[PDB]
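See below for the structure under consideration.
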2 protein chains.
Amino acid sequence: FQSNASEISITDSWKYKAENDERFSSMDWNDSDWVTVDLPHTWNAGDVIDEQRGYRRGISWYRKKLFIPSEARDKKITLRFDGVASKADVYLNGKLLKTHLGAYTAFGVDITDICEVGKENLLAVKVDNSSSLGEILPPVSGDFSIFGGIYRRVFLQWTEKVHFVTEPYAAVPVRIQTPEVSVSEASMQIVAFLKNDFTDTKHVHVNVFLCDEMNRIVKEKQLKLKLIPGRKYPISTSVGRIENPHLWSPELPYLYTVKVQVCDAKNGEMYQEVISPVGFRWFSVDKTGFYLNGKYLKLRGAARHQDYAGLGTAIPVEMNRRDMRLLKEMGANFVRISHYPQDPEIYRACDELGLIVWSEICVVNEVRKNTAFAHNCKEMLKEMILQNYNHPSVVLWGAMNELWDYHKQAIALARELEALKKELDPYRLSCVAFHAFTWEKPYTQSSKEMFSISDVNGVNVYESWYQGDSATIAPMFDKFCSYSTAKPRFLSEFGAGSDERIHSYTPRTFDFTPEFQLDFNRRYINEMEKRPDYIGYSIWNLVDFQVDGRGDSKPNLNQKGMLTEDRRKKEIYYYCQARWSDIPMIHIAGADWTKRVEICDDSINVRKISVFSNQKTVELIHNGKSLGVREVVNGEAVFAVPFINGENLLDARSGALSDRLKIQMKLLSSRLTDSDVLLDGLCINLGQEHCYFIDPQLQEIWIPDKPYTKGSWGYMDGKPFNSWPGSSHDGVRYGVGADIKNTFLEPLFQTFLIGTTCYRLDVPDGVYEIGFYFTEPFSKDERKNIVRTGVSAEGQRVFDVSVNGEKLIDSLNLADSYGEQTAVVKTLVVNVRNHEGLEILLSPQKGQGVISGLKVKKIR
Amino acid sequence: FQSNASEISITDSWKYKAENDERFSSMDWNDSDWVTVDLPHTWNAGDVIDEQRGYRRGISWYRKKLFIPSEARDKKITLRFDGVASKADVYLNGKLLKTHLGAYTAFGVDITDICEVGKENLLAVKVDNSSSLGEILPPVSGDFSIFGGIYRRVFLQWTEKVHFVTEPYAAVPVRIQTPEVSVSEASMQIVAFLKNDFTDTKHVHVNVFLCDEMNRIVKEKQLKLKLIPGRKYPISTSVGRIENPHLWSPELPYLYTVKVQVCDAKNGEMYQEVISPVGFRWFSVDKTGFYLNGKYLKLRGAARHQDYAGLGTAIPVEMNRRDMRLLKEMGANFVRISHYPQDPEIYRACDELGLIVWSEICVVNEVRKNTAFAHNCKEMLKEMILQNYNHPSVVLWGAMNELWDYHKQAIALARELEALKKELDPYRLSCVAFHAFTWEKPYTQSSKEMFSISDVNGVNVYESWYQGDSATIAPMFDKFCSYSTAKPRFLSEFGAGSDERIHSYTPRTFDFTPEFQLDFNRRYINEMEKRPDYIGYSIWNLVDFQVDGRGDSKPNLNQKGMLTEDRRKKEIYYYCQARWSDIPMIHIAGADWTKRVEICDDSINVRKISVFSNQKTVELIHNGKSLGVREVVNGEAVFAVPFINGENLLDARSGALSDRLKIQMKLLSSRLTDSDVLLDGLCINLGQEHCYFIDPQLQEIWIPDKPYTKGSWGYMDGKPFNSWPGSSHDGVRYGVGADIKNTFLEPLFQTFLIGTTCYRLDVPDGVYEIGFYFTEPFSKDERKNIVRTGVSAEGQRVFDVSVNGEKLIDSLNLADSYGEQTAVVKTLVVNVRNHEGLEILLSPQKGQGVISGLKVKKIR
Ligand code: NA
Ligand code: NA
């Protein structure tokens, strides 16, 4: 059997404890009653998406009784770690073997003469995660937590004693560049390092075959040299004999095999045999576009985060190719590995499937004027490059992102990062990402020095979202080129958050409907495809991802994703597919909005509905009557659908293609005369006057509020809340951003009427379960803003609730009785006689009243 | 204002602790460090679906600072408890007020004398869950779990002191019967008691109205009577001929409304007004069928359990109507409320939608020979009936389900419970359900009285599932009439478990595919639709429900539902819709199977596919080509669909109806160098030779296993496990049934190869990851059987995995190094050189080996 085994996984049956005692490195310690976890693992997989603010930053320990197979006797035994969050202290049989810094790169551990091969050993890992590490290790801050743990795999490796120097940086056994390649003939110059950890000397043959994708050999190149024991000998060959090469592209992803056999001269033994995929391509950059192999190429894609729903970042490794395949089939050709490098699998995926890669490290938000800090940033960039190097998919090396002070050590550290990128990797480009707050540094600063470092400049534009409107967005793309005027631009991040529960026919900023997310990404794609100088752009983000602290619709989540945290495709995903993929498609938008309840007194509820597509034309049939053929423009065709009570079958057609979508639509008359709905429950989203919220647990649709008209329902006084004084949001963001405790229905409780003293519904006689949904929406410190929060001089809010003349909640104070921003529900049973219907009163004692929702059920 | 409140919820912000200290009732206790919950609350929502066998049966305490609005001052004030699992012990202001036995019925506590309107009061509930209670109170045992907590709502309510007596069973305030009902006229009898709790004497009119659905008074009648304090005055009036009443059916569930007021004849002040809906119907039973309102009605339905996924039985109250709507929309007219009485709103839902109700109390599995057990059943029969007295939907009252020993005191209690049903309410029918294990008591008792007590005899048949097969189904229904000779019969349970992840073209018993659950019910329907002496039949169950202990494909869940545990529809919910619902429909089987990957070398892969429908004909169009119009026989038309590789589109059409369903198929060659599975990874469910398994988290598809042929893969040795000694499953069921700790992929692990020693896989060259998925499949008790288990006579199983000569796992003891029935995943990186492919040896040092899974990925 000429085939050999190289590593065995060791991710199984570990003992974990959240406590910090230096005794836990002891062979002879008693870990019996520690929890038993399998790897990957992270102690913040739940900590972050909790209702408690903040997650535990600290130290924990992992112990493993680690056996070593006998086939690794007499060999050089190593331990590879693909990913440990922040600092790691690997102890073996009591004795500290290595320490590592950096949460995102792999690292090695030589255990050869320390371990007993055959017997059994104790492997102890102190894993640190503290906030304190920020004064010496990036990332320093940012919009992404760091789940602590050992969250990528761990393996036990062994090779022969004549071996390849990979340390201190877990670099790839042998680097391979392509210095000059074009449509004619190819060049490949390999770099490596053999070392003889034997007792004697050995004299080698070092063979280098380059085999087809069909593995028919195209070249040979055999060398020989003398390795004396302990000498670290440098190899640096080069071949250029390669005829009529098959070139790698994001469309045609052709990879080559470059075998390397190191074999004993007088003996015939094979000591090593690296094999590594390689790609032939070429590219460059300027304000005239991005070019690859000659032709023109616009880079189109997104950034990916390395976490999954409720798993922390201890993802199954198969996840990594699954995330990237969902990007490729979205129609992209580019991915932005941010804000940190990721699993070997990510990179392997993007050059087997074809995806140009942008790869940063986590110098995020700020630098620390600190001797030590800068050193680790370069030690980490040194690891990113040499660990992922023969990967043709990769094109740009990043390191900085969204700084807020390009100070002195900053700009110097900026230069040192570039010098060492093209030093290490001369045949790849470099990149950086600024934010787009031009009222802050580096735009308020003395100079413009920094925009003239890296080969491409990225910008993070969120106009129409965090501030600015529909109109300020092309002006924002403009004045960036004011600065990055030497080198070409790139759209780093852009995206709006969305929730598959909030829908609106008139979407506005920061209501989190997939509707607004659609218009956002359709204004941005139009501005970006027109300008070729911006060589590319990236959606932020491919995924929804979990960051502890973040609020809004799904609290402790970033919702700008194109996939949910569990990788279900949102409808923005299909829109992009229609503007990018060459693989024919059609899709009726609204698959996430299949049940609808809407006030309408006519027979017909006409509502626009759009069909995303690749083709030139789309036909749409409503209930069997075609609505006409229409041309697809910017991926989209918008029909006007005459919706009617009951089932609505919309079937879209265009050529050989199809999509179907059944929309259940319940027309509700404004007079409560004509409605079965009260027997089910009339659920009213108080303070929300332009969105429908659907709770997927009950399928309850929370219809929007309206002012009271005679014979119907609504409020009498009061206004829905939307004051954000001093932002683009004032009068546009309805409701607060708070996470609300004891409810999942955030879009319901966050919306509220303020100052409403009276609510009417004109219902028929009978018994009613009225249920009220309250929360104090404001924190103790924002309640110090007495006008905006409608509270008393001392910040209190006591009011009473009366129904039909009876005081029934006698002094409701939400904050001091239930906690601020905690959900409070009270149900009442009221018998309505005469034809009085329901008159609800909120009598303020201190401050002004608040209600988030109402539910009206006729129970008999 | 003539309107008034009655009740107000007190389910918000409670204090909770799982300790038992009697001081916990004291007003001044410091519950400051206790956790806050809102009701509905259980405390086994987690317990029941975790890995630890069992759940926590014990005592916990609730505390709530109870505020009493002044609107209720010097009125009669009651606490309302809709449900509290087993024993409650309610204290107010330190003083114990009520103790209550029984999880499933409501009780009431009077606080008018003890409470304090305007002060804070302290309301302590001690709640109790111990099996220790099963000796004095049912249920004793049974396929479900008693989720301790206060899991239904709780109300504080107030009346005026002249009030309808409700205690001791918290009955409906006026009882209502219809002794005579026909198309031309109906009679009506109302029953109530009155009490005066003032100091004065009061003279009161009683005003009885009977209003139609438009609330037009169709009958009225007043009664004069005077009430000296404290005396319990009965009343019982009749209402004369009602004339041409609108009857109640599951088709037309017309509902009237008995309005009963009690006013003061001297001034006119109104003391009470009680609104009570009713319907007019009449029914009977014989061996020729069920008759409702004069016509023959085949009763077709399903039972419903109380719980919802991850919420235990602390469901929100609206879920109750959501379930009943889903059920009516499956074509049911019948619901089996079992094994316990359920929420008030299940019964309000059922008689508004149109579903006839069989309603049981919870005397399951055995009757206890104690004087106190029997008494508590009587009092739980009283509580059920008196609380659900007026619901037109209830037609049958139950008490016992599946006894296993009809001993003397059992028959004595079947008798007093029928004697009691007819006493308290003579106008409804009576029912009971038996098991179908003819080899056990009571089918082997000398006597047969137990089969002659209550008016209808149900039977729970699982032939073809727990025992038997296709040949024994109909012979069983006949045997049940051998015993049910006087009273008619009913099919109260029948079902088969299904998993949405396991799919088979050749379904067999206990593989948990929906395609066997399909055939099962087909065979069952067809028999009932021709057996008129089975007046009706109810599927088991409407929902997957949560029960600790049960394992199989999804552990801790009873998987026999029409809907998933979160109320999503399975394939078979649509099959019932074909056979029952009178709403025209069409639907292609396989919406749970759109990703398929099969071994097939020709370009076309013919597979059979069903289309469910109401209609006489379906035409099916695959990829634009029509496959013809097939007649719909007994709900379905199967076709032979010629699947190609790639996207396949299926159009089913019937006049105006149509369903559409795309199916993605990956064809896989036998020879491994013909495709690219290896580059994502070949996932092979070893031990499973007829079901595919879609891991919904990675969307990977564990294909079945085939013995080895050359050029491809498969096992050289051994055999997949399927040994069930003495059972009908013997050879039929592959795998074991135990919960496999540490995974959610129980269909992958529970199946496995046994006694295999060699495994081949003729893959190209390159570097491979190979995962190994293991488990000790049997327990210590189960390994006492050396022969079925394949272990050493001391009970042990040790072996070494080796690949391509080299030994890597050094000697594995599964149940000793990691625990029995835990999941372990090893991963080698091995370098296939030359043309060796992959040899995998399992070498046993004790017993025979086992192995569940294989992933084979080509990484470079
Ligand atoms: Na609201
Ligand atoms: Na298996």
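Chain identifiers are assigned as A, B, and so on, following the order in which chains appear in the structure tokens; residues are numbered from 1 within each chain, and ligands are numbered from 1 in order of appearance.
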Identify, counting only C-alpha atoms and all ligand atoms, the protein, DNA and RNA residues located within 6 Å of ligand 2, and give them as an MDAnalysis selection string. chainID B and resid 685:688 748:749 751:752 852:853
12 Å shell around ligand 1 using only C-alpha atoms and all ligand atoms, listed as a ChimeraX atom specification: /A:502,683-694,701-706,720-721,734-736,745-754,772-775,777,823,850-855
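Here CA of residue 218 in chain A is placed at a distance of 20.5 Å from CA of residue 236 in chain A.
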From B:275, B:547, B:154, B:35, residue lying nearest chain A [only C-alpha atoms]: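 Residue with the minimum atom-to-atom distance to chain A: B:275.
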I'd like to know which residues of range 283-461 of chain A are strand (DSSP E) (by DSSP, run on the backbone); could you write them as a PyMOL selection string? chain A and resi 283-284+290-292+295-297+299-304+334-337+356-359+363-364+394-397+400-401+429-435+456-460
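Near chain B, counting only C-alpha atoms at 6 Å, the chain A residues are residues 3, 4, 5, 6, 7, 8, 9, 69, 808, 826, 827, 828, 829, 830, 831, 832 and 833 of chain A.
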